Every structure is written in C-alpha cells, then in structure tokens.
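>>> Any chance you could fold what I've pasted below:
(2 chains)
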Amino acid sequence: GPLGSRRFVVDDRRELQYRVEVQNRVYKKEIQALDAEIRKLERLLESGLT
Amino acid sequence: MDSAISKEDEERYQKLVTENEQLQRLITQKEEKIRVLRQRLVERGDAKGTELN
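Residues are numbered from 1 along each chain as shown, chains lettered A, B, ... in the order given. Please see the structure below:
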C-alpha cells in the first residue's frame, strides 16, 4: 500500500470513496467498543462520582 | 459535470461522508469521557483489562 499522492486524481477517485465506507464501518465498531465503556460511564453517572 | 460520474456516484459519496461525520463525533463524545475513566482505571490497574486474544 504505497503513496497515493503520486496519482492524486486517479487514486482519490476510487480510493477516497472506498476509504469513507470503511471509516463508516470502523467508526461504528468503535462506538460498540465504547458502548461497553458506556457502562463504566454509567457507574460514574449514577454514583455521582464526578 | 462529468459524463461518467453522475448524480449516482455523487449521492453515494456525499451520503457516505455524512455517515462518517455523524459517528466519528459520537465516538469522540464517549472517548473524552471514557478517557478520564481510563486514568481512573490506571489507579485501579484496570487500565489493560483482560485481553487474552
């Protein structure tokens, strides 16, 4: 996976639109990971630990 | 303006970036707050948790 700055117009056409959908999935999976941490946040919230 | 890249490819991309903007923000909200939890877990020694994979 080398430089994409060589063929900016070429790569960023297909490459860019491609990386956006993976980011859409990747970031979504992060939220699920975070969702477990949300539980630890809830004990913060509910206990008023601050 | 492009003869090959029509509204089709555009809309698909536009909506896609929109998706990206939404949830990357939703992440950051939790992250910044969990980040503090991270430090608090550091003192507990829970910083790593249990990653046997």
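>>> most centrally placed residue in chain A?
residue A:27 (2.3 Å; Cα atoms, centre = their mean).
>>> Could you pull up the residues touching that residue?
B:20, B:23, B:24, B:27 (Cβ atoms under 8 Å, 6 or more residues apart in numbering or on different chains). Every residue, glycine included, has its C-beta placed from N, CA and C.
>>> what does residue B:30 give?
A:31, A:34, A:35, A:37, A:38, A:41.
>>> From those, which land in strands?
In strands, judged by DSSP state E, none of the contacts of residue B:30 are found.
>>> restrict those to contacts with chain B.
Restricting the contacts of residue B:30 to those adjacent to chain B (criterion: Cβ under 8 Å from any Cβ of the partner chain) gives A:31, A:34, A:35, A:37, A:38, A:41.
>>> Export those as TSV, with columns for distance to residue B:38.
What follows is those, written out as TSV (distance: Cβ to Cβ, whole Å):
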residue	distance to residue B:38
A:31	17
A:34	12
A:35	16
A:37	9
A:38	14
A:41	11
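>>> I only care about the residues you listed that end up buried; give me the PyMOL line for that.
Of these, the buried ones go into a single PyMOL selection, burial set by 16 or more other Cβ atoms under 10 Å in any protein chain shown:
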select buried, chain A and resi 31+34+37+41
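>>> and which of the ones next to chain B among the contacts of residue B:30 is nearest to residue B:12?
Ranked by distance to residue B:12 (Cβ to Cβ), these are led by residue A:31 at 22.5 Å.
>>> now the strands: where do they sit in the chain?
Going with chain A. Assigned by DSSP E, chain A shows no strands.
>>> Hmm, no, I was thinking of chain B.
Per DSSP E, chain B carries no strands over any range.
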